[PDB]
Each structure stands twice: as C-alpha cells, then as structure tokens.
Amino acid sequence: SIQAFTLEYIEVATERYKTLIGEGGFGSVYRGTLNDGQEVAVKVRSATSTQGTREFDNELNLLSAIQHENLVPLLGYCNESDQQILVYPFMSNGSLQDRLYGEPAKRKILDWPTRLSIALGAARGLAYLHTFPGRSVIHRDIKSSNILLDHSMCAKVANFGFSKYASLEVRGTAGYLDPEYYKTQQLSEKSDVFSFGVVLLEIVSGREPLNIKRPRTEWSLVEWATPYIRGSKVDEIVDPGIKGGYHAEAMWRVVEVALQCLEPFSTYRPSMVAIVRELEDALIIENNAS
C-alpha cells in the first residue's frame, strides 16, 4: 500500500537531495533509496504546480487509485512543512526517448520487436487512463520522455503532474500538442491520441519530433513523414538501425495507426482502445515473422 514519509525520511533517502534527475510539472525529481533498498524517483514541490493541502489531497487520492502494469505506480508521498513530495519507483532503463536518440542509443539500438512491445504497453497504459472508472483521466503531456522502461524493457507511462480528470496558455510539449487546442481551448482524450501518434513516429523513425539542425524539409517529424506514409513509401522514414528487422505488414499497420492518430481534427482519430487492438494484431504479425 501507499506509504506516508516524513520530510526527514526523504532527506536521508535522497542524501540532501544530492542527485537530480530532471524537472517536471510537479517540480524537480531526485534519485533516492528507501530503507528496504528500493531505488526511487523523488518528485518535490514546484511553486507554480502547487497550492495547498486540500488540492494535493485529491491529486493524491487519484494517483493512489491508478494501478496498471503499464503505468508507473505511486509508492508514497510527503506533505510536511509546506513541502509536497511524490515518490515513484526508479525505472532503471530510463525513458523511451533516451533509448531512441539519447545517450544509450549511441551505445546500442532498440530493435523493432522491443519497440513494438513498448508502443503496445504505452498504449495500454493510456487506454487504462482514458477508461478509468468514474472519470476518464487525460494525461495531457504524452511524449517519449514520459514513457519509462523497467528492467525487462516493459513500458510504463509516467508523470501525471499535468494529468487530470476529463485558460488558454502554453500546454503539452513542443511537437506533441493537439493542433486544434488553440481553437477548442480544451485538451481531451483525442488530444492525448494525437501526442501518442507522434510517439509512434518517433518509435518508427528514431527521430525527435522537432530538429532545426536537420534540413528545413525535415525540421518537423510529422510534416516530414506524413507524405511518405500517404505515398506508400514507408521505408523512407524507418529508422536505419531497424531497417530489415521488421515484418512489412506489422510496420505498415503501425504507421497507418500513427497517421490516424495525427489527423488534424479530433473526431477522426481512433480511441486508445482501438489503437491497442491494432497494435496487438501488429505484434502478433511481427512475432510470426518466423
């Protein structure tokens, strides 16, 4: 069950917050270790994404109830001396972003069967959120750095600081934001589906969504890849490191799904439940490339 921690316990566990992993919605994340030796990621208070005890209480009740094999589980929390802290298990294989085009991608290549299994698991975690009993939970910042990988490379969707049960400002992450958002002023399940479509193109192509260091025609992954997909020239966008390591039909159905996720108008995008079923069939096909 979820554990309450004192601010002192978190101080020892993080060793004076020495080891910083990054910054998120809820705040900065530090690496820690519990008394039982469990490695944890410790997310501490950010001023802009915090209010008080009452607001943190509903967020805490939500995160505790969200349980699924493809979501990072909440292990514990600290609310003491005005510090709001969330404690998650440490995912030792990092993010999908790191494995595609970060530092680990320099040393080793994520093969296509592992990539397809990661897409399916991430889609299953997102579908669980969209069908959460009582009230659908929108992630609202889906992206490849928010898909973490455990020791067996199973995907776990992370980082629900922006999540909420289903004002105009900057939202999402550059490259992933629903193209209708400034016309609707709302993020919905179908906004999450658009962002997941970008993730699928990252998985297929090995490329980040935006890169001004590429030639101008290649600056944007979505805009670059869409004409090849529609022109039955999918091999032109596939990551060179996995060329020849994929079953043709498995790859075609994955990019077909990505293309529907990327539809500019929300009602044409599939549900996450429909995306799971397509990726499941694609994974079967790939496994039968004997």
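Start at 1 with the first residue shown and count on from there.
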| property | result |
| --- | --- |
| Interval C154-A155, deposited residues with no coordinates in the entry (none, 1 to 3, 4 to 9, 10 or more) | none |
| Average Cα temperature factor in the PDB entry - higher stretch of 14-22, 264-272 | 14-22 |
| Comparing 96-104 with 136-144, the one whose average Cα B-factor in the PDB entry is higher | 96-104 |
| Highest-ranked of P240, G245, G27, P227 once sorted by CA temperature factor in the record | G27 |
| Highest-ranked of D178, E169, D150, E189 once sorted by CA temperature factor in the record | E169 |
| Chain-wide C-alpha B factor ranking for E202, given as lowest, middle or highest third | lowest |
| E218 CA temperature factor, ranked by third within the chain | middle |
| Chain-wide C-alpha B factor ranking for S117, given as lowest, middle or highest third | lowest |
| Chain thirds of CA B-factor: placement of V234 | middle |
| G161 by Cα B-factor - lowest, middle or highest third of the modelled chain | highest |
